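Text of my_file20.txt (compact mmCIF, C-alpha atoms) as supplied:
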```txt
# COMPACT_ATOMS: atom_id res chain seq x y z
CA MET I 1 0.00 0.00 0.00
CA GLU I 2 0.78 3.72 0.26
CA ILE I 3 0.67 4.56 3.97
CA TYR I 4 0.56 8.03 5.54
CA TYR I 5 3.75 9.23 7.22
CA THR I 6 3.37 11.02 10.55
CA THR I 7 6.33 13.38 10.18
CA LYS I 8 6.26 16.62 12.15
CA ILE I 9 7.68 20.08 11.56
CA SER I 10 9.65 21.06 14.67
CA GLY I 11 12.79 22.91 15.73
CA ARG I 12 11.20 26.35 16.11
CA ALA I 13 7.66 25.56 14.96
CA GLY I 14 4.76 27.54 16.36
CA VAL I 15 1.02 27.25 15.69
CA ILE I 16 -0.03 29.23 12.61
CA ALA I 17 0.88 27.34 9.43
CA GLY I 18 0.84 28.79 5.94
CA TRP I 19 0.57 26.62 2.83
CA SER I 20 1.25 27.78 -0.68
CA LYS I 21 -2.39 26.93 -1.34
CA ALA I 22 -2.20 27.46 -5.10
CA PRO I 23 -1.51 24.07 -6.75
CA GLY I 24 1.54 23.64 -8.95
CA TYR I 25 3.79 25.79 -6.74
CA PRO I 26 6.54 24.72 -4.32
CA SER I 27 4.14 24.23 -1.43
CA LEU I 28 6.31 25.75 1.29
CA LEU I 29 4.58 25.43 4.65
CA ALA I 30 5.31 28.75 6.30
CA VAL I 31 5.28 28.32 10.07
CA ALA I 32 4.75 31.19 12.50
CA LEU I 33 7.83 30.56 14.64
CA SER I 34 7.90 31.45 18.32
CA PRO I 35 11.27 33.35 18.14
CA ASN I 36 9.62 36.17 16.12
CA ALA I 37 10.16 34.48 12.75
CA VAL I 38 8.05 32.74 10.13
CA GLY I 39 9.46 29.34 9.24
CA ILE I 40 9.26 28.84 5.49
CA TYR I 41 9.35 25.07 5.81
CA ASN I 42 9.18 22.20 3.35
CA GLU I 43 6.54 19.52 2.86
CA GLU I 44 8.37 16.38 4.07
CA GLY I 45 7.62 17.20 7.70
CA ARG I 46 11.00 18.89 8.10
CA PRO I 47 12.16 22.51 8.34
CA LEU I 48 13.26 23.70 4.91
CA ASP I 49 15.60 26.29 6.46
CA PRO I 50 16.25 25.17 10.07
CA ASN I 51 18.69 28.07 10.52
CA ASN I 52 15.63 30.31 10.01
CA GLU I 53 17.14 33.25 8.17
CA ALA I 54 15.46 32.76 4.82
CA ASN I 55 12.68 32.06 7.27
CA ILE I 56 12.30 35.68 8.15
CA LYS I 57 12.54 37.12 11.62
CA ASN I 58 10.18 40.05 11.99
CA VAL I 59 11.62 43.42 11.03
CA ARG I 60 9.91 44.89 14.10
CA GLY I 61 10.57 41.75 16.16
CA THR I 62 7.04 40.68 17.16
CA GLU I 63 5.21 37.35 17.18
CA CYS I 64 3.26 36.44 14.04
CA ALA I 65 -0.55 36.38 13.90
CA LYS I 66 -1.50 35.52 10.29
CA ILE I 67 0.47 34.08 7.39
CA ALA I 68 -1.20 33.59 4.01
CA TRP I 69 0.39 32.80 0.66
CA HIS I 70 -0.38 34.50 -2.64
CA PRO I 71 -3.11 32.81 -4.73
CA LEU I 72 -1.04 33.46 -7.88
CA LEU I 73 2.52 33.58 -6.52
CA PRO I 74 4.74 32.17 -3.78
CA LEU I 75 4.31 35.53 -2.05
CA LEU I 76 3.64 35.13 1.66
CA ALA I 77 1.81 37.95 3.42
CA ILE I 78 2.80 37.94 7.09
CA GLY I 79 0.57 39.78 9.51
CA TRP I 80 2.71 40.20 12.58
CA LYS I 81 1.18 41.25 15.92
CA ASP I 82 2.02 44.94 15.47
CA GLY I 83 0.45 45.88 12.13
CA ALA I 84 3.62 44.74 10.34
CA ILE I 85 2.29 43.60 6.97
CA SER I 86 5.22 41.64 5.57
CA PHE I 87 5.21 40.66 1.91
CA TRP I 88 7.74 37.88 1.39
CA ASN I 89 8.27 35.94 -1.83
CA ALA I 90 9.69 32.43 -1.98
CA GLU I 91 11.13 33.09 -5.44
CA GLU I 92 12.72 36.36 -4.28
CA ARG I 93 13.58 35.69 -0.59
CA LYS I 94 12.79 39.36 0.02
CA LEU I 95 10.58 40.41 2.92
CA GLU I 96 9.37 44.01 2.64
CA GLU I 97 7.50 45.40 5.63
CA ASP I 98 5.22 48.45 5.71
CA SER I 99 3.47 49.64 8.88
CA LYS I 100 2.32 53.15 7.95
CA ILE I 101 -1.45 52.78 8.35
CA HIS I 102 -1.77 49.49 10.25
CA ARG I 103 -0.49 49.76 13.82
CA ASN I 104 -2.46 47.24 15.92
CA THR I 105 -2.15 43.46 15.80
CA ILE I 106 -3.19 42.15 12.38
CA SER I 107 -6.57 40.49 12.92
CA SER I 108 -8.06 40.03 9.44
CA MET I 109 -5.77 39.20 6.52
CA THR I 110 -7.35 37.56 3.47
CA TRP I 111 -5.76 37.49 0.03
CA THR I 112 -7.75 38.84 -2.91
CA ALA I 113 -8.69 36.85 -6.00
CA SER I 114 -5.89 38.16 -8.23
CA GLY I 115 -3.54 39.08 -5.38
CA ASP I 116 -3.54 42.75 -6.40
CA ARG I 117 -4.66 43.90 -2.94
CA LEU I 118 -4.80 42.39 0.54
CA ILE I 119 -7.77 42.79 2.88
CA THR I 120 -5.90 43.85 6.01
CA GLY I 121 -7.37 44.67 9.38
CA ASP I 122 -6.67 44.92 13.08
CA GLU I 123 -8.56 45.14 16.36
CA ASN I 124 -9.29 48.86 15.88
CA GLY I 125 -11.85 48.07 13.20
CA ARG I 126 -9.43 49.60 10.68
CA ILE I 127 -10.01 47.41 7.65
CA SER I 128 -7.70 48.43 4.83
CA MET I 129 -7.23 46.74 1.46
CA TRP I 130 -3.52 47.42 1.06
CA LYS I 131 -2.53 46.95 -2.56
CA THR I 132 -0.15 44.19 -3.63
CA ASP I 133 2.27 44.89 -6.45
CA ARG I 134 4.77 42.92 -8.45
CA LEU I 135 6.98 45.78 -7.22
CA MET I 136 6.71 43.75 -4.01
CA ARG I 137 5.50 46.25 -1.37
CA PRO I 138 2.37 46.34 0.83
CA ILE I 139 0.97 49.80 0.12
CA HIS I 140 -2.18 51.06 1.83
CA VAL I 141 -4.98 52.26 -0.46
CA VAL I 142 -8.28 52.72 1.40
CA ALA I 143 -9.14 53.19 5.06
CA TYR I 144 -12.32 52.18 6.91
CA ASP I 145 -12.60 52.64 10.66
CA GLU I 146 -14.94 50.43 12.71
CA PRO I 147 -14.25 51.66 16.25
CA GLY I 148 -15.47 49.50 19.10
CA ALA I 149 -15.62 46.58 16.64
CA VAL I 150 -13.04 44.00 15.60
CA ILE I 151 -12.62 42.80 12.02
CA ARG I 152 -12.94 39.13 12.94
CA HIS I 153 -14.85 37.36 10.15
CA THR I 154 -14.13 38.61 6.62
CA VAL I 155 -15.22 36.38 3.73
CA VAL I 156 -14.96 36.90 -0.02
CA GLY I 157 -18.42 35.96 -1.27
CA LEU I 158 -20.05 37.93 -4.08
CA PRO I 159 -17.69 40.61 -5.44
CA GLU I 160 -20.12 43.47 -6.02
CA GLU I 161 -19.74 45.09 -9.44
CA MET I 162 -19.91 48.82 -8.80
CA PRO I 163 -21.07 51.08 -11.64
CA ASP I 164 -17.91 53.18 -11.26
CA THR I 165 -16.21 51.38 -14.16
CA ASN I 166 -17.90 47.93 -13.88
CA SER I 167 -14.67 46.60 -12.38
CA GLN I 168 -14.69 43.25 -10.60
CA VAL I 169 -13.73 44.56 -7.16
CA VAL I 170 -13.25 42.25 -4.20
CA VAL I 171 -15.82 43.39 -1.64
CA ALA I 172 -14.86 42.15 1.81
CA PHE I 173 -17.88 41.01 3.84
CA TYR I 174 -16.28 41.94 7.15
CA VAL I 175 -18.15 41.68 10.43
CA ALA I 176 -17.98 44.82 12.57
CA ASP I 177 -18.46 42.47 15.51
CA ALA I 178 -18.65 45.06 18.29
CA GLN I 179 -18.78 42.56 21.18
CA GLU I 180 -21.12 40.01 19.54
CA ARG I 181 -23.00 42.84 17.77
CA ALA I 182 -22.37 41.17 14.41
CA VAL I 183 -22.54 44.16 12.10
CA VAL I 184 -21.53 42.31 8.96
CA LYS I 185 -20.50 44.95 6.43
CA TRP I 186 -19.21 44.98 2.87
CA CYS I 187 -16.25 47.21 2.01
CA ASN I 188 -14.62 47.85 -1.35
CA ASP I 189 -11.04 48.89 -1.98
CA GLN I 190 -11.98 52.31 -3.40
CA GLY I 191 -14.19 54.34 -1.06
CA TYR I 192 -17.06 52.59 0.70
CA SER I 193 -18.20 50.24 3.47
CA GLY I 194 -21.82 49.21 3.07
CA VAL I 195 -23.64 47.10 5.63
CA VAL I 196 -24.28 43.46 4.73
CA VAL I 197 -26.65 42.70 7.62
CA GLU I 198 -27.35 43.59 11.26
CA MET I 199 -27.77 40.41 13.29
CA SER I 200 -27.91 40.66 17.07
CA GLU I 201 -26.26 37.24 17.42
CA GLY I 202 -22.53 37.16 16.79
CA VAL I 203 -21.02 35.42 13.79
CA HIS I 204 -19.98 31.93 14.89
CA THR I 205 -18.44 31.32 11.47
CA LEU I 206 -18.82 33.26 8.22
CA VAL I 207 -19.60 30.46 5.77
CA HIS I 208 -20.83 31.36 2.27
CA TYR I 209 -22.77 29.05 -0.04
CA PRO I 210 -21.96 30.13 -3.62
CA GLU I 211 -24.23 27.72 -5.52
CA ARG I 212 -27.43 29.39 -4.28
CA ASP I 213 -25.80 32.65 -3.07
CA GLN I 214 -26.24 31.97 0.65
CA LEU I 215 -23.90 33.69 3.08
CA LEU I 216 -24.27 30.76 5.49
CA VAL I 217 -23.57 32.69 8.67
CA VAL I 218 -23.95 30.82 11.95
CA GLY I 219 -25.23 32.90 14.81
CA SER I 220 -24.06 32.12 18.31
CA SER I 221 -27.07 29.83 18.88
CA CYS I 222 -26.29 27.13 16.26
CA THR I 223 -28.65 29.03 13.94
CA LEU I 224 -27.62 28.84 10.30
CA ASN I 225 -28.42 32.41 9.28
CA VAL I 226 -28.91 31.66 5.60
CA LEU I 227 -28.10 35.14 4.33
CA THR I 228 -28.93 35.48 0.65
CA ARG I 229 -28.43 38.63 -1.38
CA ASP I 230 -32.14 38.48 -1.99
CA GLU I 231 -33.91 39.45 -5.20
CA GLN I 232 -36.43 41.27 -2.97
CA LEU I 233 -34.01 43.13 -0.69
CA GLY I 234 -30.57 43.23 -2.31
CA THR I 235 -28.15 42.44 0.52
CA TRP I 236 -27.42 39.30 2.54
CA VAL I 237 -30.44 39.38 4.82
CA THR I 238 -31.55 36.31 6.76
CA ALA I 239 -33.77 34.56 4.21
CA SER I 240 -34.01 31.45 6.40
CA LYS I 241 -32.64 30.45 9.79
CA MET I 242 -32.79 26.82 10.94
CA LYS I 243 -31.01 25.15 13.83
CA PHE I 244 -28.07 22.87 13.15
CA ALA I 245 -28.71 19.23 13.98
CA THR I 246 -25.20 19.03 15.50
CA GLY I 247 -25.41 20.36 19.04
CA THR I 248 -29.03 21.47 18.81
CA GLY I 249 -29.68 24.65 20.77
CA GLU I 250 -27.00 26.79 22.41
CA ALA I 251 -23.96 24.74 21.42
CA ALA I 252 -22.13 27.13 19.07
CA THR I 253 -19.08 26.82 21.34
CA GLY I 254 -17.52 23.76 19.74
CA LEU I 255 -19.83 23.78 16.72
CA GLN I 256 -17.93 23.07 13.50
CA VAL I 257 -19.53 24.50 10.37
CA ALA I 258 -17.02 23.88 7.59
CA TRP I 259 -17.81 22.93 4.03
CA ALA I 260 -18.76 19.48 2.82
CA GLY I 261 -18.97 19.64 -0.97
CA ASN I 262 -20.56 21.46 -3.87
CA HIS I 263 -24.06 20.95 -2.44
CA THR I 264 -23.27 19.69 1.05
CA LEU I 265 -22.63 21.75 4.20
CA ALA I 266 -20.56 20.40 7.08
CA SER I 267 -21.78 20.52 10.67
CA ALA I 268 -20.36 18.91 13.81
CA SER I 269 -19.71 19.64 17.47
CA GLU I 270 -17.25 18.88 20.26
CA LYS I 271 -20.02 16.99 22.08
CA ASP I 272 -20.92 14.94 18.99
CA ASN I 273 -19.25 11.81 17.69
CA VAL I 274 -21.85 12.04 14.90
CA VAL I 275 -20.85 14.36 12.07
CA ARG I 276 -23.97 15.50 10.22
CA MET I 277 -23.66 16.90 6.71
CA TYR I 278 -26.25 19.51 5.69
CA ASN I 279 -26.43 18.18 2.14
CA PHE I 280 -27.77 21.05 0.04
CA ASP I 281 -28.12 18.72 -2.98
CA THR I 282 -31.42 17.20 -1.78
CA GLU I 283 -31.72 18.84 1.70
CA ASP I 284 -30.26 15.98 3.71
CA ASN I 285 -28.88 15.60 7.22
CA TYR I 286 -27.07 12.37 8.04
CA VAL I 287 -24.76 11.36 10.86
CA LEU I 288 -21.16 10.14 10.60
CA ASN I 289 -20.15 8.19 13.69
CA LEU I 290 -16.86 8.51 15.58
CA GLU I 291 -15.21 6.38 18.25
CA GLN I 292 -14.43 6.29 21.96
CA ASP I 293 -11.13 4.87 23.27
CA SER I 294 -11.36 3.88 26.97
CA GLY I 295 -12.60 7.36 27.87
CA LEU I 296 -10.64 9.13 25.11
CA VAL I 297 -13.83 10.00 23.26
CA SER I 298 -13.24 11.27 19.72
CA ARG I 299 -15.59 14.23 19.26
CA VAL I 300 -15.25 16.75 16.47
CA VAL I 301 -13.01 19.63 17.51
CA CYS I 302 -12.29 21.10 14.07
CA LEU I 303 -13.88 20.59 10.68
CA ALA I 304 -12.11 21.94 7.63
CA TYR I 305 -12.73 21.17 3.98
CA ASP I 306 -10.36 20.73 1.07
CA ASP I 307 -12.88 22.46 -1.17
CA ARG I 308 -10.28 22.26 -3.94
CA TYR I 309 -10.53 18.46 -3.86
CA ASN I 310 -13.52 17.53 -1.62
CA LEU I 311 -12.17 16.06 1.60
CA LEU I 312 -13.30 16.95 5.13
CA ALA I 313 -10.88 17.11 8.05
CA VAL I 314 -12.37 15.84 11.31
CA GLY I 315 -10.17 16.82 14.24
CA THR I 316 -11.03 15.07 17.48
CA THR I 317 -10.48 15.52 21.21
CA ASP I 318 -8.20 12.47 21.42
CA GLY I 319 -5.87 14.02 18.84
CA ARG I 320 -6.42 12.00 15.69
CA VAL I 321 -7.77 13.63 12.53
CA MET I 322 -9.45 11.00 10.37
CA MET I 323 -10.86 11.90 6.99
CA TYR I 324 -14.28 11.84 5.36
CA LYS I 325 -14.57 11.05 1.64
CA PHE I 326 -17.44 13.13 0.25
CA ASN I 327 -18.88 11.00 -2.52
CA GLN I 328 -20.29 13.20 -5.26
CA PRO I 329 -23.96 14.29 -5.39
CA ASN I 330 -25.01 10.96 -6.73
CA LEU I 331 -25.81 11.47 -10.40
CA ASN I 332 -23.25 8.83 -11.46
CA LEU I 333 -23.91 5.82 -9.20
CA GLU I 334 -26.64 5.04 -6.60
CA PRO I 335 -28.72 8.26 -6.43
CA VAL I 336 -29.38 8.40 -2.71
CA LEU I 337 -30.78 10.70 -0.05
CA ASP I 338 -28.54 9.27 2.70
CA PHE I 339 -24.87 9.95 1.94
CA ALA I 340 -23.78 8.65 5.37
CA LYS I 341 -22.54 5.42 3.81
CA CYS I 342 -21.46 7.40 0.74
CA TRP I 343 -19.34 9.58 3.02
CA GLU I 344 -16.72 6.85 3.13
CA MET I 345 -14.44 6.33 6.11
CA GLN I 346 -10.82 7.09 5.19
CA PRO I 347 -7.62 5.70 6.77
CA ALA I 348 -7.15 7.61 10.01
CA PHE I 349 -3.82 9.11 10.99
CA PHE I 350 -2.48 10.42 14.28
CA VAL I 351 -1.10 13.88 13.58
CA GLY I 352 -0.52 14.32 17.31
CA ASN I 353 -2.43 16.70 19.56
CA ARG I 354 -5.99 18.01 19.24
CA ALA I 355 -6.72 19.82 15.97
CA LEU I 356 -6.95 23.49 16.96
CA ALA I 357 -5.51 25.33 13.96
CA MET I 358 -6.09 23.77 10.57
CA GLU I 359 -5.08 24.48 6.99
CA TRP I 360 -5.64 22.24 3.98
CA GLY I 361 -2.88 22.23 1.39
CA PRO I 362 -3.13 22.67 -2.38
CA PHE I 363 -3.63 18.90 -2.81
CA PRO I 364 -5.56 16.38 -0.70
CA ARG I 365 -2.38 14.48 0.15
CA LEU I 366 -0.19 17.40 1.23
CA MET I 367 -1.68 19.29 4.13
CA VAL I 368 -1.12 20.44 7.71
CA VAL I 369 -3.14 19.83 10.85
CA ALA I 370 -1.48 22.80 12.54
CA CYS I 371 -1.84 21.54 16.08
CA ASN I 372 -0.11 23.15 19.04
CA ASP I 373 2.41 20.33 19.57
CA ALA I 374 3.93 20.57 16.09
CA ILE I 375 3.12 21.80 12.59
CA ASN I 376 1.81 18.38 11.58
CA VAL I 377 2.69 17.92 7.92
CA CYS I 378 0.24 15.47 6.39
CA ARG I 379 1.75 13.50 3.51
CA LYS I 380 1.95 10.02 2.02
CA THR I 381 5.02 7.90 1.28
CA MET I 382 4.94 4.80 -0.90
CA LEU I 383 5.63 1.22 0.23
CA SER I 384 6.72 -1.04 -2.62
CA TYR I 385 5.23 -4.50 -3.10
```

For the structure just supplied, provide its representation as C-alpha cells.
Amino acid sequence: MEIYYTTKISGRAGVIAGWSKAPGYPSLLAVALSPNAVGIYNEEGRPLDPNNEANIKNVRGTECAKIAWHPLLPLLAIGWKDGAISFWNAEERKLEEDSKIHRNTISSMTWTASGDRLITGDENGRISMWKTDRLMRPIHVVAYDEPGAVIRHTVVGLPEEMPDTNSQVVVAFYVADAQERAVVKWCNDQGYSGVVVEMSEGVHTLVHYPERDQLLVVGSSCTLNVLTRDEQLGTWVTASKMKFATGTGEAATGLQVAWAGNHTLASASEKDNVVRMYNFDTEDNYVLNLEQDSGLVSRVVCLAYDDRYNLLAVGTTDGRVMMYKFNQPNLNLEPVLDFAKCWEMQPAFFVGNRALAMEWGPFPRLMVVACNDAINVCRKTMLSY
C-alpha cells in the first residue's frame, strides 16, 4: 500500500501554518515561529531552512498572527502582531514590511482573487485593502474605521460590481463584531463600506454558499443564518434560519460549520461523535459516527474542507484527525438521499495533539493539521510490493 507518514515540523515551529495553497507551486509550509520568525518550511515534515534566516525574523521583532500565501505567486503575506504587513516571496527571498497605516495586531488578513490587494485589518476596526504589487511592497490604499468593533470574520463571497467602471472589485464582507454585535458589512477597496446585515447574534463562522448565493452565517445559537443577497431586498439578509442538527440549541461553542462539498454543508460539534452533513443537494442531514477509546472520546473539535478536492478534516479531542470522503452528489452511481454510507471512512492518521488550527494544502495528500504540539505535515510515502 501507500501509507501516511506522521512526520512533524519542529525545531522552532509555532502554531499558525501557511501553505502555498495554489496548486503547482513549491508548497512551502510557512510556520509562525515562536522566536519572532516565520518558518518557510518544506513539505516532508522537516524545516526547509532550520537556521531560520530565509525564514524571516520580523523586522519589528514581534510574534506572528496571520500568514497567508499569494493565490497566484509564492508571495507570503505575514501579519505580525504589530500591524507589520510583511510581503515575502519564496522566489525572491525578500521580505518588505510596511506599517504606515496598520499599527495594531493584524486580525483580518485575506488574500484577494488576483492578489492585487490584501484585505488587512486589526482590532481597531481599521479594515484596509492594502494593494499588492509585483513591485513587491504592501501599500495602503483605502481606510475604513470600525471603532469598538473587531474585524474578525471577513469572507470573499459575491464581489459586487460597482457602476464606477464595472470593475470586478473584491468586496470584503467583514463583520464589525462590536462585542457580539455582528454588524456584517461589505467594504470595497476604493471608497465605501456598506452594511451586509445587522444580526444581534454574533457570527460563529462566516460560511458562504456560492451555488445558491447563501452567506451561510452561523449565529451564536447554532442558527444557520442563511443570508442570501435576496432578489427582494438586495443584501445578505436572513432569508431562512434553521437550527443545526449538530449540538441542537445553544452549542455554538464547539460547533464546526465547515464545508462538505458542492451541495453539502458540514456541521459537527465537540459533544458529537456524529458528524452531520447539511447536504444542500437534496436537503439531507445524516450522521457520521466517531469512536471512543477507553474514555478518550473522539468528538469533532475542528472541521475543515479541502474544497479544492472535496475532503473533510475531522479533528477530534483524542488528537487523531481522520478523513471523510465526500462521494459526489449521486448522479453517477446510486442516487441516494442518505450519503452517510457514501461519506466513506478514510484511513485515520495520528497527527498528534488536538486539531486546533487547521489548513488544507493545495492537494488532498499534502496538508497540515497545525496543532499546538507541532506543525503536523500530512503526507503520504509509498511502500513497494

Padding 4 Å on each side, edges along x, y and z: where is the centre of the box around the listed atoms of region 246-251 of chain I, and how long are its edges in Å to one decimal? Output it as AutoDock Vina command-line options.
```
--center_x -26.8 --center_y 22.9 --center_z 19.0 --size_x 13.7 --size_y 15.8 --size_z 14.9
```

- Close residues, residue 162 (chain I) itself excluded, 10 Å, only C-alpha atoms, min 6 positions apart in chain, as number ranges by chain: I: 168-169, 171, 188

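Counting all atoms listed in the file, the residue from I:190, I:75, I:129, I:117 that sits nearest to residue 164 (chain I) is I:190.
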
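Close contacts of residue 53 (chain I), defined as residues with an atom at most 10 Å away when counting all atoms listed in the file, with chain neighbours fewer than 5 positions off set aside, comprise residues 37, 38, 39, 40 and 93 of chain I.
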
- Message: If we count all atoms listed in the file and set the cut-off at 10 Å, which residues sit around residue 11 (chain I), ignoring sequence neighbours fewer than 6 positions away in its own chain? Please answer as a PyMOL selection string.
- Response: chain I and resi 33+39+46-47+50-52+374

- Task: May I have the protein, DNA and RNA residues with any atom at most 12 Å from the point (-12.3, 55.7, 11.6), counting all atoms listed in the file, written as an MDAnalysis selection string?
- Result: chainID I and resid 101 124:128 142:149 193

Test item: residues at most 9 Å from residue 5 (chain I), all atoms listed in the file, excluding those fewer than 6 positions along its chain, as a compact mmCIF listing (two decimals) with C-alpha atoms, in the frame of the given file:
```txt
# COMPACT_ATOMS: atom_id res chain seq x y z
CA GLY I 45 7.62 17.20 7.70
CA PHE I 349 -3.82 9.11 10.99
CA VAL I 377 2.69 17.92 7.92
CA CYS I 378 0.24 15.47 6.39
CA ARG I 379 1.75 13.50 3.51
CA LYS I 380 1.95 10.02 2.02
CA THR I 381 5.02 7.90 1.28
```

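For the pair CA of residue 352 (chain I) and CA of residue 311 (chain I), the interatomic distance is 19.6 Å.
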
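With distances taken over all atoms listed in the file, I:285 is the one residue among I:285, I:292, I:10, I:214 lying closest to residue 244 (chain I).
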
- Message: Could you check the closest approach to residue 133 (chain I) for each of I:60, I:365, I:70, I:229 and tell me which residue wins, using all atoms listed in the file?
- Response: I:70

- Message: Calculated over all atoms listed in the file, which of the candidates I:348, I:233, I:255, I:31 has the smallest distance to residue 8 (chain I)?
- Response: I:31

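For the set I:290, I:347, I:279, I:364, the residue with the smallest atom-to-atom gap to residue 312 (chain I) is I:364, counting all atoms listed in the file.
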
- Item | Ref. answer, residues at most 8 Å from (-0.6, 19.0, 14.6) with all atoms listed in the file, as a ChimeraX atom specification | /I:8,351-355,368-377

How about saving the chosen residues, C-alpha atoms kept, as a PDB file, in the coordinates of the input?
```pdb
ATOM      1  CA  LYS I   8       6.260  16.620  12.150  1.00  0.00           C
ATOM      2  CA  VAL I 351      -1.100  13.880  13.580  1.00  0.00           C
ATOM      3  CA  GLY I 352      -0.520  14.320  17.310  1.00  0.00           C
ATOM      4  CA  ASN I 353      -2.430  16.700  19.560  1.00  0.00           C
ATOM      5  CA  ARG I 354      -5.990  18.010  19.240  1.00  0.00           C
ATOM      6  CA  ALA I 355      -6.720  19.820  15.970  1.00  0.00           C
ATOM      7  CA  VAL I 368      -1.120  20.440   7.710  1.00  0.00           C
ATOM      8  CA  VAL I 369      -3.140  19.830  10.850  1.00  0.00           C
ATOM      9  CA  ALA I 370      -1.480  22.800  12.540  1.00  0.00           C
ATOM     10  CA  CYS I 371      -1.840  21.540  16.080  1.00  0.00           C
ATOM     11  CA  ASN I 372      -0.110  23.150  19.040  1.00  0.00           C
ATOM     12  CA  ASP I 373       2.410  20.330  19.570  1.00  0.00           C
ATOM     13  CA  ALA I 374       3.930  20.570  16.090  1.00  0.00           C
ATOM     14  CA  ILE I 375       3.120  21.800  12.590  1.00  0.00           C
ATOM     15  CA  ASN I 376       1.810  18.380  11.580  1.00  0.00           C
ATOM     16  CA  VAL I 377       2.690  17.920   7.920  1.00  0.00           C
TER      17      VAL I 377
END
```

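The interatomic distance for the pair CA of residue 7 (chain I) and CA of residue 291 (chain I) works out to 24.0 Å.
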